[PDB]
Amino acid sequence: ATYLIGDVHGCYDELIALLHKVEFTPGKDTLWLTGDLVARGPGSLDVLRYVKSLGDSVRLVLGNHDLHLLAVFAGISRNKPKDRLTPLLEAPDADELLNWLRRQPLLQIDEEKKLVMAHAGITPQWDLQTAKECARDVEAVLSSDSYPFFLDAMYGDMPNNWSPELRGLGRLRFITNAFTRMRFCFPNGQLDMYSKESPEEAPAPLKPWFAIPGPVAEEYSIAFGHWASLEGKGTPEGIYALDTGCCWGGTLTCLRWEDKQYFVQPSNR
Ligand SMILES: [Mn+2]
Ligand SMILES: [Mn+2]
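Here it is, written out as structure tokens:
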């Protein structure tokens, strides 16, 4: 079976309880995770250890909190007490865990399931070939010996409009923001990097990225996490918002792909 779970954010106990609910069995089943494995919840260390141990039985995409963790690890960004990352950062296997984490994808595609996953979704300004190329470029920089330089370069809110002519720092920053920070778009598809409200509470003319028809969403289902204030609802057919805010006292959500059946684990907080 295929299971897709939204942002775990260090909620190790809820993750394991949910997987036990569905009798997740590596070798029979595959788990997709929308990223943001770490921060806020208390068990980022256990989450990373477990997810790494799954190997080919897990298909991860990296989220913005995963990237921020790597930046803290590399000395690029300051550790925020609220993230609760110190046990992971101080772990004897931190190097092993985080060198594995930075090699993971930004984008997962399954052609037989006609299914695409990224942390924040797929901007309507991208077709599938462009999404693939951009994921490959940023994955290449993250997996390289020089990844701290890219992690430093990734911070920024501009540019917010895609063009194939984008180059250099702006190109990487846009790609990173599109895959890991996107929520709202302007009518022309341009990213808004400030509003984090629910769609009903956003200022006009902002619309959810998935409310703007895009070539990928026309041919593929898209699963994503990231946008907890969406509460996993209000999405069109074919769009699966799996982040129901577990670390915030919401729930952890698991979707089984074969029957589109949902399983939910209440937050322990
Ligand atoms: Mn996120
Ligand atoms: Mn998140």
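Numbers 2 to 270, taken from the deposited numbering, label the letters of the sequence shown in order.
Quick reminder that beta carbons are idealized off the backbone N, C-alpha and C, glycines included.
- Message: Using a Cβ-based criterion (distance less than 7 Å to any ligand heavy atom), does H69 qualify as near ligand 1?
- Response: For ligand 1, not one heavy atom lies less than 7 Å from the Cβ of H69.
- So, helix, strand or coil for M118, using DSSP? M118 falls in the strand class under three-state DSSP.
- Grab the span of the alpha helix (DSSP H) containing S230 for me, first residue to last. For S230, there is no enclosing alpha helix (DSSP H), since its DSSP letter is neither H nor E.
- Could you tell me whether any non-hydrogen atom of ligand 1 is closer than 7 Å to the CB of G64? Yes.
- Euclidean distance between Cα positions of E140 and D146: One C-alpha to the other measures close to 12 Å.
- Which ranges would you report for the beta strand (DSSP E) in the region 112-162 if only whole runs of at least 3 residues count? Those beta strand (DSSP E) runs which fall completely within the region 112-162 and span 3+ residues are 116-119.
- Item | Pair within 8 Å by beta-carbon distance, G190 and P125 | Judged by beta-carbon spacing, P125 lies within the 8 Å limit of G190, meaning their Cβ atoms are closer than that value.
- Message: Rounded to the nearest angstrom, what separates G122 and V9 at their Cα positions?
- Response: Approximately 17 Å between the Cα atoms of the pair.
- Where does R103 fall in DSSP's three states? Under the three-state reduction of DSSP output, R103 falls in the coil class, being neither helix nor strand.
- Using 7 Å as the cut-off, classify the Cβ of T124 as near or not near the heavy atoms of ligand 1, replying yes or no. Shortest gap from the CB of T124 to any heavy atom of ligand 1: 7 Å or more.
- Message: Our contact map puts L16 next to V48 with C-beta atoms below 8 Å; I'd like the distance itself, whole angstroms only.
- Response: Taking a contact as a CB-CB distance under 8 Å, the pair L16 and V48 counts as one, their CB atoms being some 6 Å apart.
- Who are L108's beta bridge partners in DSSP? In DSSP, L108 forms a bridge with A119.
- Message: What does the alpha-carbon distance come out to for the pair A229 and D94?
- Response: For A229 and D94, the distance between alpha carbons rounds to 30 Å.
- Task: Throw me the rounded Cβ distance for the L108 and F180 pair, which I believe falls under 8 Å.
- Result: Contact between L108 and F180 holds: CB atoms are separated by about 7 Å, below the 8 Å threshold.
- Count the CB pairs spanning the region 39-54 and the region 250-263 that are closer than 8 Å, and state whether there are at least three. Taking one beta carbon from each stretch, the region 39-54 and the region 250-263 have fewer than 3 pairs nearer than 8 Å; the two do not touch.
- Residue range of the beta strand (DSSP E) that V48 falls in? Segment 45-55 is the alpha helix (DSSP H) holding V48; no beta strand (DSSP E) there.
- Task: Report the rounded CA-to-CA distance for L63 versus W33, giving the unit in angstroms.
- Result: For the pair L63 and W33, the Cα-to-Cα distance works out to about 11 Å.
- Task: Quickly, what does DSSP pair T3 with across the bridge? List them, please.
- Result: Its beta-bridge partners are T31.
- Task: Tell whether a beta-carbon distance below 8 Å holds between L102 and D67.
- Result: One thing to note: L102 has its Cβ within 8 Å of the Cβ of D67.
- Item | Three-state secondary structure (DSSP) of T181 | In this structure, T181 counts as helix in the three-state DSSP scheme.
- Query: In this structure, does DSSP put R85 in helix, strand or coil?
  - Reply: In the displayed model, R85 falls within coil according to three-state DSSP, outside both helix and strand.
- Task: Locate the alpha helix (DSSP H) running through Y195, then write down its first and last residues.
- Result: Segment: none, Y195 is in no alpha helix (DSSP H) and carries neither H nor E.
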